[PDB]
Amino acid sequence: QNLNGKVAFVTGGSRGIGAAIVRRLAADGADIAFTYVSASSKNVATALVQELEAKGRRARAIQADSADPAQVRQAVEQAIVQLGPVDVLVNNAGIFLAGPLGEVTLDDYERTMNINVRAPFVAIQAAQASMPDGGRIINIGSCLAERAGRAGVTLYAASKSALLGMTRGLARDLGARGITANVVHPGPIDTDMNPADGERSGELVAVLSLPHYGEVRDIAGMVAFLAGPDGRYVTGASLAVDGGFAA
């Protein structure tokens, strides 16, 4: 289709929104490389690769801890060597540590900032060197980057709003090559990080414009749109897929 002949790199592709993104981009015809960290995700990841090869797509699963900048850079470099320069980079892997402000530890701080901020920045730096003209960079942000709404999300909210300025700076840095950079903001999305049946799920739905959690395909479709022909003129933008959480 419209991604035929293109290479996509997706951090966190083993499950949740990232697995939905890799499936959607592969269906659009991209060759896919994606990362995972947890040892418990190794089986899921190699099964995911087998599912994509069975559809005739090239695919690689790469273990790379986003907490470690060297591991993210190596993953991209390995992806480039095996599939070629990356056309679509999707920074999706994330961590959510929430709680009373006085209990936040330095490990909470370094871990959140390395995974949610520095890793996307390192993947971009590694990928951009050889990204073909008209390339795409798509960061997964969060509705909490633009509105905290509640107590207990200060550190997470700061890591995710760091991507706003990073994305706008990237759209300026790379626009002369036709490369676009956008950040997508999910509202509540039914995944393991945020189950739709969690005890907190109900008070959250109460503040949405649409009275329900979204689904992982909602995010994958926004990403597929920014990745394809229809995204060519969208850049530097914050695109909320949040059910009207912000309205």
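Numbering starts at 1 and follows the sequence shown.
K.L.:
Could you settle it for me: does 219-227 or 9-17 have the higher average Cα B factor in the PDB entry?
P.N.:
Of 9-17 and 219-227, the stretch with the higher C-alpha B-factor average is 9-17.
K.L.:
Per the record, averaged over C-alpha atoms, which has the higher B-factor: 181-189 or 45-53?
P.N.:
According to the PDB entry, the answer is 45-53.
K.L.:
Of the choices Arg168, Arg147, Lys160, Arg73, which one's C-alpha carries the largest B-factor in the record?
P.N.:
So the option with the highest C-alpha B-factor is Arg73.
K.L.:
Going by the entry, which of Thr154, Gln78, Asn92, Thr105 has the most elevated CA B factor?
P.N.:
Result of the comparison over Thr154, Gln78, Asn92, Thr105: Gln78.
K.L.:
Looking at the entry's B-factor column for C-alpha atoms only, identify whether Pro100 ranks in the lowest, middle or highest third of its chain.
P.N.:
For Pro100, whose C-alpha B-factor we compare with every modelled residue in the chain, the answer is the middle third.
K.L.:
For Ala129, does the deposited CA B-factor place it in the lowest, middle or highest third of the chain?
P.N.:
CA B-factor rank for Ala129: highest third.
K.L.:
With respect to C-alpha B-factor, does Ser142 fall in the lowest, middle or highest third of the chain as deposited?
P.N.:
Lowest third of the chain for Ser142's C-alpha B-factor.
K.L.:
Using the B-factor values recorded in the entry, state whether the Cα atom of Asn114 falls in the lowest, middle or highest third among the modelled residues of its chain.
P.N.:
Answer is lowest: the recorded C-alpha B-factor places it there.
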